[PDB]
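Structure 1 and structure 2 below are two forms of the same protein chain, each written out on its own as structure tokens.
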Structure 1
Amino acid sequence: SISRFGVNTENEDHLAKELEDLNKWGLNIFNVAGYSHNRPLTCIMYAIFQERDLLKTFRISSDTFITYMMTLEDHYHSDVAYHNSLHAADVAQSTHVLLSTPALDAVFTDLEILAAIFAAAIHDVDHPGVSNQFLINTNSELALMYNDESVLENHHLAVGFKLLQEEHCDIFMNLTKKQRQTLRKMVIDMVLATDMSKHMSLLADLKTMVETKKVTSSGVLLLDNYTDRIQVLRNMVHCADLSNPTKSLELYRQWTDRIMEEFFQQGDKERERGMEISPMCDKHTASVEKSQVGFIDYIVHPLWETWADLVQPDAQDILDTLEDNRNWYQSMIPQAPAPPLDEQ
């Protein structure tokens, strides 16, 4: 319902144009935020759920869905540069596209689809804009409560599920106990897997799964066991979370400006509190370009190359864009006299 969004017909028309790319990697979530009074997570999630008929399938009224999403979105910190609702909306939409990749057609159940998109939406809720290590070093009550393990990730899950209890917010009210327990188990698994400290582990397990891929005649992956399905799902959400470098440079650059701004803000807090400044959190000694190239070579590319192998050739374009953006940042590093603007 558009009136909940407070959007007039003029901006609704603008939104309709942007949403033409709802099922595409090229969607511009920044534009979506701009035409939705900065409620991109709720807008894109409502769009996704309408698109996939999830509201009908799981009997979620639009009232309950929008009330919960608007409540959840409000728990993302708009003053945090990167980990705000715009990033969550981006991850949810990116996950929405990955679920529809050809190679995974008809592989997942509706509940698993609901679980992955929901996980993407709540995966960074109430993020304070500082790392787990910062919370641990300041003796944060949050770190004490979670025993320094996946502190924020555990917190994101607790908040996401806890908000279901506010007035008219239980979007899972009509799922059976069994369905809720299974969805909850999957969501917890997917959000916990977003902890970067688990990256190498997730990657190894993904590669070791691709080595024994069981594909059908049509080239459609075959995943009969739950264990394999949830491993593909946690890696999928993890890929969406690290999809910024795979988007058009216009979007990627905005994501880079934001993550750097957030790191610098943490660096400011560390300085303010008499703490040593963390790596890449000092604006005066930061190497944005170099950091992005390293980030891609050592983390993003290794991950996407493996995913693209699992769903080949679905992710070829994404792989090309990534490498294209990687080289752009490479030649952008101060002091690089090799076609300084787009390649080797």
Structure 2
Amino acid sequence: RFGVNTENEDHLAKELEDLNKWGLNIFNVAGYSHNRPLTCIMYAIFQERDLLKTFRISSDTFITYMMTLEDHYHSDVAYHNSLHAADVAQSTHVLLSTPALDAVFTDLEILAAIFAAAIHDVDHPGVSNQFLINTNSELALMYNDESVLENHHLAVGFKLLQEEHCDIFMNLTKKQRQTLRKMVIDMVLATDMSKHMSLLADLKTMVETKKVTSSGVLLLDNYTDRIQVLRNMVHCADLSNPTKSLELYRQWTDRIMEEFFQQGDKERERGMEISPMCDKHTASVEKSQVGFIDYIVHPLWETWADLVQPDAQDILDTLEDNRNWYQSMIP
């Protein structure tokens, strides 16, 4: 089905043993599956959690949909291609298994979070919301300058479900489809970085009033509480590159800066003001990664670590180490 060469056969399976671990190498997975990491990992994650059985999704329909989804990720965009969506989906799969959230979420909520991660950047053009708005692009006109890309990703992901041969949610009840849709919209719209501060603040509240039962698991009474953790989960996963091993983090940084600089060039050709971190002639990649961790990634992930204490300590230590590595690359 994947046509994985007889030579990449066991290499792939050897990589997929780390499926449930933070240390999984999605680059290795993309290379052994003929650059189909999103399809590959999503199939693996769905078999592990036995989601195909629970929601009666035929294996053919699942593959057909994921393949088409993966094809809507642009392979010429340096960072926001299917490897990132696969990375965010697999990272979310690991966060959902963290001991402090054990048995807290329904199967339907697990399905929604992983599906959301998978579609969260589909058909990304390699430019930011602010670029699309400043250039009066069709998408900004379409979405009235609000969470332009995030709304688009959702629109494409759900639209690919319209044909029967691609409808993975055909066996959910009407009710389940409507709840899953609400959760997915919510989670994907929350990946808009302009909502980041609002999200971090609400998560700090959740940590302050966190009630963990005798089982050592968090108590989340209402839907409001659960979707609040899920939004933050996908958001942390989206901002997890600097929490990975240094070998992986540096390749992600290479990819993001290649995309950001490409937008700098486009802004320069059009006579627009260049965002300072986006300017290949002046910006220090190393200073920007240090600023990224101190002011965005560390504040979020330390808060997340508090809520799931102590499951995330390794993540925090890797983050401080990677930060110090980039700081040591600045003269």
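Residues that one form lacks are left out of the comparison. Superpose the two forms; the largest set of C-alphas matching within 1.5 Å is the rigid core. Residues are numbered by position in structure 1's sequence, first residue being 1.
Annotation: the position in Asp297, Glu276, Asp63, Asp53 displaced by at least 2 Å at CA between structures 1 and 2, with the core superposed, corresponds to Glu276. In a rigid-core overlay of the protein, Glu10 has its C-alpha displaced by at least 2 Å between structures 1 and 2. On the core-superposed pair, the CA position of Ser218 changes by 2.6 Å between structures 1 and 2. If you overlay the core, the Cα of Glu167 moves by 5.4 Å between structures 1 and 2. Aligning the rigid core between structures 1 and 2 leaves the CA of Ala158 offset by 0.2 Å. Residue ranges 8-10, 271-279 are the runs of 3 or more whose C-alphas all shift by 2 angstroms or more between structures 1 and 2 once the rigid core is superposed.
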